[PDB]
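Asks: Protein chains in written order, with the deposited numbering: chain w, 23 to 123; chain M, 1 to 459; chain L, 552 to 606; chain 4, 1 to 54; chain N, 1 to 347; chain k, 1 to 320; chain K, 1 to 98; chain V, 1 to 140; chain x, 1 to 49. Built from N, CA and C at the ideal position, the CB exists for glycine as well. Here's a structure for you.
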Amino acid sequence: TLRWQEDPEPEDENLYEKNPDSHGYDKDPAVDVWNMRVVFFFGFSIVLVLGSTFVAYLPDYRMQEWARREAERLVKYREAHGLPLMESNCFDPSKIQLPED
Amino acid sequence: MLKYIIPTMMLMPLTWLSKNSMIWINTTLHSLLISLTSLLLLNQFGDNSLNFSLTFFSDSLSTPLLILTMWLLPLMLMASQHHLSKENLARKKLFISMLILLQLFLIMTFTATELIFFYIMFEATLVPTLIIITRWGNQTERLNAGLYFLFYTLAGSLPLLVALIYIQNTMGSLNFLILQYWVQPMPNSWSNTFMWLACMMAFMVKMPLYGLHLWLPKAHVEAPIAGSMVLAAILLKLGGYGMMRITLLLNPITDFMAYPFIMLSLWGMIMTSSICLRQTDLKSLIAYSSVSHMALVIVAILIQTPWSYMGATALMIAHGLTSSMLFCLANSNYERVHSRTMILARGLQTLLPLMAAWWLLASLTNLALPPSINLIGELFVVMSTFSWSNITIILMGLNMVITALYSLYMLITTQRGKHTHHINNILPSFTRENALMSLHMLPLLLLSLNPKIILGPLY
Amino acid sequence: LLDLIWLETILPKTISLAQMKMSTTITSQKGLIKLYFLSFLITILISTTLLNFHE
Amino acid sequence: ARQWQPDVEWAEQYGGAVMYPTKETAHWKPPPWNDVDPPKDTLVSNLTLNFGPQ
Amino acid sequence: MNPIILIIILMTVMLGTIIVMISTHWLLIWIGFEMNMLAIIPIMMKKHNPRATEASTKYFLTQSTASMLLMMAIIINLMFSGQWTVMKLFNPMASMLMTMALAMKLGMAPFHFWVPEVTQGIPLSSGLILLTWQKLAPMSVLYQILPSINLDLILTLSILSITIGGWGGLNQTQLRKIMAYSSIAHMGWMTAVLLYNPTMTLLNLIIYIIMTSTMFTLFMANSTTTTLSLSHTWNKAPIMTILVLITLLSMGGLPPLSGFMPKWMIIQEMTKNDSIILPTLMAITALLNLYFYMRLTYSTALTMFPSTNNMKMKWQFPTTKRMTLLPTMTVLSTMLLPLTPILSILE
Amino acid sequence: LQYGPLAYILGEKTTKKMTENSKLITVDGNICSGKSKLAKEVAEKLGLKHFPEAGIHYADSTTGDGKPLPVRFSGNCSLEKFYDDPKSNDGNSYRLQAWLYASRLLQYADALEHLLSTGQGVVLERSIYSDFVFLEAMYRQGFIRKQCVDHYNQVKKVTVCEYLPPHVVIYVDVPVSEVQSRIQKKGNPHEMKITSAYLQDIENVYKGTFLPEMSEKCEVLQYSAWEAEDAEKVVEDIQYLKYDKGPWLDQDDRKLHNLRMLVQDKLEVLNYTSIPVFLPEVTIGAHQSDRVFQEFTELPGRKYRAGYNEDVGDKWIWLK
Amino acid sequence: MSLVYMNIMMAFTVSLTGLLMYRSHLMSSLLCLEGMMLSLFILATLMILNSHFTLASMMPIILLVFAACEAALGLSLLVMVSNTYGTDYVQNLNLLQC
Amino acid sequence: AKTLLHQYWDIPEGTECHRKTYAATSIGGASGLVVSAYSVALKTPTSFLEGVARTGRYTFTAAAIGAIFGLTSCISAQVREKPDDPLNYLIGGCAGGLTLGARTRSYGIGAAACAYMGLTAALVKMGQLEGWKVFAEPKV
Amino acid sequence: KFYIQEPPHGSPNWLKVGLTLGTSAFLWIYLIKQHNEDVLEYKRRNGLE
Ligand SMILES: CCCCCCCCCCCCCCCCCC(=O)OC[C@H](COP(=O)([O-])OCC[N+](C)(C)C)OC(=O)CCCCCCCCCCCCCCCCC
Ligand SMILES: CCCCCCCCCCCCCCCCCC(=O)OC[C@H](COP(=O)([O-])OCC[N+](C)(C)C)OC(=O)CCCCCCCCCCCCCCCCC
Ligand SMILES: CCCCCCCCCCCCCCCCCC(=O)OC[C@H](COP(=O)(O)OCCN)OC(=O)CCCCCCCCCCCCCCCCC
Ligand SMILES: Nc1ncnc2c1ncn2[C@@H]1O[C@H](COP(=O)(O)O)[C@@H](O)[C@H]1O
């Protein structure tokens, strides 16, 4: 009648029972402490603080500042000599050929 | 890109030659070091993309996905070292090797300058994911979840390869740098119609699209925590990246072709949000929210405006981080109460205050509270789709309400009210779990300060 | 209605049941040599006259 | 709470000669384990000759 | 069987296949085919059980009919050409008869009926020898007469074989029937691309031979015949479960494994000649082969099926079988993708 | 391996090393028939190697260091648990019977290998040709079910057909009352729980099914209780037998070579004992089998092969 | 072509459709095999003798030899069948259907 | 069977309904004859009458499907004045699927056959319009 | 002594080890020699000295 000879389902294990100072990494306290130290050092003191410092001081990302500064020059050109600020044609009309129509 | 592939491949001699119980520490440490070195890919120029060699190149679109993947691997190892404490040492090493191999294929997928190489890695990501889901899951239905996840994707991707090979016989090359200058307009014909279908349906399947999304609620709620993270935060962005790469060749036929899929996604977001309003499972709720957000990304890519592309990539990164955090929250609750029912464990704020704070913060970032990048992406997609048509805002706006109708609901049933009386195994929050949620959230909150690094290749 | 029955019915279950039915139909042979060689003869007859494979 | 692994119900589906039975595949017994059948010895019919008186 | 007689018979099989491969005369081709059939009949009769007698009788009848059709086509070609050079034929009827005979010899559908029954009725050694070695000579003869086969006939045979093998592989629990239906599907895959570029056909033949040999040798090592013992293998040696898992994932055409080597490049040869419907249909049909491979992997490795008490004693006895070239063959069948241009040596 | 087809080709024949003294003898009897020492006497008069009766831990003594494994690793059954309560709900009776039959198959394979390799006869006790009789008693007393009988019949049918019967079988006839008296004088408390009906049914299936069907394919030597105490009569009767029946007569070198090929592969011998037929007595679940196998792997001398274990003192591993 | 060629090809087709539809008897199929072999032999030697290809006269007789290389073999594949069952019917050869 | 398809395809669409319907009926009858011949070959009927009844049933079912498909396609092409449009072939394929459902006395088979044969007929018309090749003559 | 029976691989097969080492050394020196002569003859043919 006893179909499927099977080990009984084990109960849940509480990590705080055998070690009340468990961080939740391993049941061995020294390995758990060292894993906690490694995670908190290389997860917050290395890749977050120094990572955010590296991202904050990026050297002119996508030249987003430079395109401003050159524009600051360029307007000061065409406002000085009476030229229009921007032409309606991106390319020069003299160097482009149209099909006959 | 050889400076990132080689340490990732060397992670396997690290995890196989390690000690009896030092595999997790060494793998987490060295993967965090790889994540630290991943920031060198931010050498982006306003006109030129970063080209490394004839095989690997990195634009401003693949770079946030690469950084997210190499950041996600240590979080994955931290998440998946509690339900495997009873596992065999060889099986534990096999699981870690599976995660390392999957991450290697992911970081080799995004940098591929050839569409055939990209497609090869894009299907090579299937095998470790399927193995993880079908081997280290918990329920029976994972076996069924091993089929719907597989034979959907290949059914979209096996025609597409043929279309890609056709380009190899038509344009002479499949290199993305060459195809940006040798592209040709696509005339309206039935042949180009079916070539558009072949080139798109794989990315509609893997995003997923409403109607074709049936594999995602099944492959999210039987999979383990690491599998849920890899499906939610990375593997749904392969479709978006493939769409953004392949939309260049499919012009100008996309203007009248994108209509039925746009309508499908615009109704599927409402349908999936309404489904989220009545789901009895936390994991299924997160899966359907992922379906809704990826339908929004599908609309953004299909209307193909610069604001839409910017909102699409911002939404991709933000949804990846938020869905990963929500899945880790669900995993912690499942590990504490040993069930997936939403209504079972109520009033957890009176027992876990810090986990209640994390739940509130994750639900806050889910409904796109400004100035988070979720609101940035969703807002820009809304602006672009209002430029597309003036009525679609209604189909956006109502959806927003339903989002705020379930996320807070997902808060309340899990956090507020009278606690249940017959549950008395509620342990205090471990340091590992809190470390996991802080590592999930603090980059997401920090990215609001400088979002210009996740605004696509046309910022 | 939609995402638990009908969307689960039109795409995956139709091809699943069709493949099951075709697999049962194909492999239901009785294992007799005479029927197999009769099928060979019918194949040759079809190829010779109806399909014109000898041209 | 443990990981689910198949029992005799999941393992007995593949124990038949066919995966999806039909009306025609009703008497299909599985093949023997060593693929050696009993000899089914019929009557040998030794011929009876009448070495008679003539 | 005496080992001397077994060695002599195997050498005769090899000599017959070599005679078919290297001869420049049609009569020598038919002589080699007859010698191969005559020396391959008693290999299946190794254990002397009735199922071997049925399998041998069915195989002999099919091969005799195929040889008769081949000789009739040879005689008709002699009548219409007056020579014996193994080259393109000069009569469409002779080409049709030769294609039908070689389809019956290859077991391609709708002449596929004898393949699963013969494969099931014979031991694993004779089954591997048949399904790998006996599929070399007819492919060489098809390679030689390339400007003669009708395109419609060979393409119809290929798509029919692929569809019928993919449909038939689903409803089997015996491993040998699964391998036979897989062989039929791969037969259709090789003959689909033959008229365009036979180098891809040779590549597919080499890959299919390697994977079939790997699966059959793993079946020898695990001593399994059905799906249930293959499931039970996880208790004896899990490394065998890992090997059969990666091998069955390779044969499903899943990258980055070497089983994606032929099929992909087969598609690469059908789109250059403006045929896009057929490779798509062929991949969609090969999804069924992938499906029953996935079912086998679910039964074998990815789930822990229940075992019996007596297997405890099998934990005290290691395997002492002559697993010849098994690790090299597994490595070749799994990790051969980044050496893709190696196939240029097959031109 | 050590013996292969190349060795047979090169000149190592089988019938050249087989003399007339190479005879396989199976001494049989009841539970306390006194054969257990008597067979040993036939070991020390004819110069034949003696094999004790295959118990639960025969395979433990055959391989490894020779020490018996714990019962949770080998057998998973207890003879004393069967003797106390033979109708136990966990199916211990048929599990013990199946393990004993498989151990007897291993012992018969070892004896046939020794006989075919050295040419020296082996003396066995209660071989596989006379184990089912015990099973019949377990069916007559209602100790097990009909499905156990069907599974045992299937395993015996697929296993015993590839072997050969012994040359001589010796049966010691001891009545049930004398068997019970010897059991009571043995002093083992678990053996006193054996009913008289069990021993009577064992004697009935010995005299009714085993011996009438066994005397055609070999030669029987039935002995009383008094005659089995004097081994001189037994060895004198064995030494003057006219062997004319049995399948040993029509054996060439090829048949014995094939038998030696099949016998020397132990996993091939024990291939069909664990057939995948799901019965409550023998089927072990996934988690229990996994736990027992992982605990068995970490045992000393069992993690690797028989010569690659550094924890027991095996050297030159890197050059092997 | 000629006329006797048509008759020999018709005989070959007649024996072919005799072979392909079995009548529950193995010897009849073996006789059909021998008949097709004889028809092929006759057609080959007719063509060879008509075209004066003398060096190919080694072909048919050698061909005839290989006839036995299956035909007698067929008889050796029958006696075990006739030892498995009392008759030689082809409906008894259906054990390999599962 | 090469001449039957060429006979059906050279008739202009929406011009003569009767000849197109007859050609489609002949094509359906030929396919049903092949199917019934293979059926009575592999699966032997218990009697001659049962075999000829099955052959007639299969041939009549396939002929009815082909006839209704051709008639519906020609009627749609005449009614819409769109001869080179695959939607008429889609309508004809769905009509044939409804005929198959009527012959099989079931509704789900009719709906599935309508959908799949409408897609197949639309694809066939698409390939005829664009000059797609299924058995491509090798050129490279 | 631990095992109750002598394992077939208790002692290293010295002839097999010597054959393996000799075969590996011969193959390595043959490949090196072949590569050297191949590159030398390639430099001779094209004159790229
Ligand atoms: C990217 C894709 C993958 C995503 C996951 C990534 C995982 C790895 C993460 C690595 C580390 C993080 C990288 C991103 C860093 C983003 C932050 C950053 O550097 O920004 C650059 C920006 C750069 O600013 P900027 O661009 O304007 O300045 C010009 C540039 N520099 C700095 C060179 C002059 O930094 C700041 O804005 C910092 C400003 C000072 C600090 C903040 C002051 C105000 C704080 C709040 C005060 C109170 C407000 C009210 C509160 C009320 C209660 C709530
Ligand atoms: C996940 C479920 C849904 C999956 C949907 C997948 C996409 C759906 C459409 C796929 C069509 C097949 C690939 C087409 C690639 C075309 C590339 C190309 O160059 O096209 C131009 C070529 C043009 O032909 P050509 O290039 O040879 O000719 C030269 C060009 N002209 C025509 C001008 C002379 O198109 C074709 O050759 C035909 C394309 C249509 C093919 C129709 C047959 C396939 C039907 C769909 C089957 C889908 C799978 C179903 C089963 C799924 C699993 C259950
Ligand atoms: C373009 C044309 C290309 C042509 C390429 C030709 C390449 C060479 C020929 C390859 C064809 C197959 C040759 C082997 C056929 C099978 C032999 C066989 O079955 O041997 C039986 C033997 C039994 O061993 P054992 O386990 O002791 O016995 C059990 C009791 N019967 O052993 C076994 O069962 C174990 C298996 C032994 C053989 C394995 C290795 C050879 C076959 C796989 C190929 C490996 C790669 C090398 C060739 C690459 C190209 C194919
Ligand atoms: N198959 C079996 N089932 C139960 N008990 C057995 C079996 N075989 C041997 N025995 C026991 O072995 C003992 C006989 O060994 P011995 O006393 O040496 O003759 C008795 O206790 C028997 O009950």
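Along the region 68 to 84 of chain w, where does the CB come closer than 8 Å to a CB of chain M? Name the residues.
Replies: Taking 8 Å as the Cβ-Cβ cut-off against chain M, the residues of the region 68 to 84 of chain w that qualify are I68, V69, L70, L72, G73, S74, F76, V77, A78, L80, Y83, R84.
Asks: Following the continuous alpha helix (DSSP H) through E219 (chain k), name the residue where it begins and the one where it ends.
Replies: Run containing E219 (chain k): none in the alpha helix (DSSP H); it sits in the beta strand (DSSP E), 219 to 224.
Asks: State whether the region 161 to 178 of chain N contacts the region 561 to 580 of chain L, with contact taken as three or more CB pairs (one from each stretch) at a distance under 8 Å.
Replies: The region 161 to 178 of chain N vs the region 561 to 580 of chain L: in contact.
Asks: Quick one: grab the DSSP three-state call for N175 (chain M).
Replies: Here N175 (chain M) sits in strand by DSSP.
Asks: Indicate whether at least one CB of chain N lies closer than 8 Å to the CB of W132 (chain V).
Replies: Yes, its Cβ sits closer than 8 Å to a Cβ of chain N.
Asks: Taking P165 (chain k) as the reference, which of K81 (chain k), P280 (chain k), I128 (chain k), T63 (chain k) has the closest Cα?
Replies: Closest by alpha carbon: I128 (chain k).
Asks: Between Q13 (chain 4) and chain k, is there a C-beta pair that is closer than 8 Å?
Replies: No, no contact with chain k.
Asks: Quick check: is the beta carbon of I239 (chain N) nearer than 8 Å to any beta carbon in chain V?
Replies: Not an interface residue.
Asks: Over the uninterrupted beta strand (DSSP E) stretch that includes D85 (chain k), give me the two end residues.
Replies: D85 (chain k) -> no beta strand (DSSP E), and no H or E assigned at all.
Asks: Can you check which of these residues, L211 (chain k), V282 (chain k), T63 (chain k), is closest to residue 68 (chain x) by C-alpha distance?
Replies: Not covered by the structure: residue 68 (chain x). The range shown for chain x is 1 to 49.
Asks: Return the residue from the list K133 (chain V), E50 (chain V), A63 (chain V), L90 (chain V) that minimises the CA-CA distance to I75 (chain V).
Replies: It is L90 (chain V) whose Cα lies nearest to the Cα of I75 (chain V).
Asks: Check the Cβ-Cβ distances between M304 (chain N) and every residue of chain 4, and say whether any is below 8 Å.
Replies: It does: the Cβ of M304 (chain N) has a partner Cβ on chain 4 nearer than 8 Å.
Asks: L216 (chain M) lies in the beta strand (DSSP E); which residues open and close that run?
Replies: Run containing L216 (chain M): none in the beta strand (DSSP E); it sits in the alpha helix (DSSP H), 216 to 221.
Asks: Return the chain-ordered list of same chain residues with a C-beta closer than 8 Å to the C-beta of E101 (chain w), the five sequence neighbours on each side being excluded.
Replies: Counting only Cβ-Cβ distances below 8 Å, and skipping sequence neighbours, we find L107.
Asks: Is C148 (chain k) near ligand 4, in the sense that its beta carbon is under 7 Å from a heavy atom of that ligand?
Replies: Not so, every heavy atom of ligand 4 lies at least 7 Å from the Cβ.
Asks: Cβ closer than 9 Å: which chain 4 residues qualify as neighbours of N425 (chain M)?
Replies: Under the 9 Å cutoff, chain 4 gives no residues; its nearest Cβ is about 11 Å from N425 (chain M).
Asks: In three-state terms, what does DSSP make of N51 (chain M)?
Replies: DSSP places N51 (chain M) in strand when its eight states are reduced to three.
Asks: Chain x beta carbons: is any one of them nearer than 8 Å to that of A286 (chain k)?
Replies: Answer no: the Cβ-Cβ gap between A286 (chain k) and chain x never drops below 8 Å.
Asks: Going by beta carbon distance, what residues of the same chain come within less than 8 Å of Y166 (chain M), once the five residues before and after it are set aside?
Replies: The residues are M195.
Asks: Chain k beta carbons: is any one of them nearer than 8 Å to that of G18 (chain x)?
Replies: It does not: the Cβ of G18 (chain x) has no partner Cβ on chain k nearer than 8 Å.
Asks: When we look at the beta-carbon of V42 (chain k) and count the other beta-carbons within 10 Å, is it buried (16 or more) or exposed?
Replies: The residue is buried, with at least 16 neighbouring Cβ atoms inside 10 Å.
Asks: Alpha helix (DSSP H) containing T227 (chain N): first to last residue?
Replies: Here the alpha helix (DSSP H) through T227 (chain N) covers 227 to 236.
Asks: Would the C-beta of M329 (chain N) count as close to ligand 3, meaning under 7 Å from any of its heavy atoms?
Replies: Under cutoff, so the answer is yes.
Asks: Would you mind sorting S387 (chain M) into buried or exposed? The rule is 16 or more other CB atoms within 10 Å of its CB.
Replies: Counting Cβ neighbours within 10 Å, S387 (chain M) comes out exposed, since fewer than 16 surround it.
Asks: Would you mind telling me which residues of chain 4 sit closer than 7 Å to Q139 (chain M), beta carbon to beta carbon, in chain order?
Replies: Chain 4 residues near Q139 (chain M): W4.
Asks: Output the distance between the C-alpha atoms of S182 (chain N) and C161 (chain k), rounded to the nearest integer angstrom.
Replies: Rounded to the nearest angstrom, the two C-alpha atoms are 34 Å apart.
Asks: Could you name the residues of chain M that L287 (chain N) contacts, counting a contact when the two beta carbons are closer than 9 Å?
Replies: Under the 9 Å cutoff, chain M gives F151, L154, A155, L158.
Asks: Closest Cβ-Cβ distance between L558 (chain L) and chain M: below 8 Å?
Replies: Yes - at least one Cβ of chain M is within 8 Å of the one on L558 (chain L).
Asks: Report all residues from its chain with a CB closer than 6 Å to the CB of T119 (chain N); omit the five preceding and five following residues, and keep chain order.
Replies: So the list reads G127, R176, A180, once near-sequence residues are dropped.
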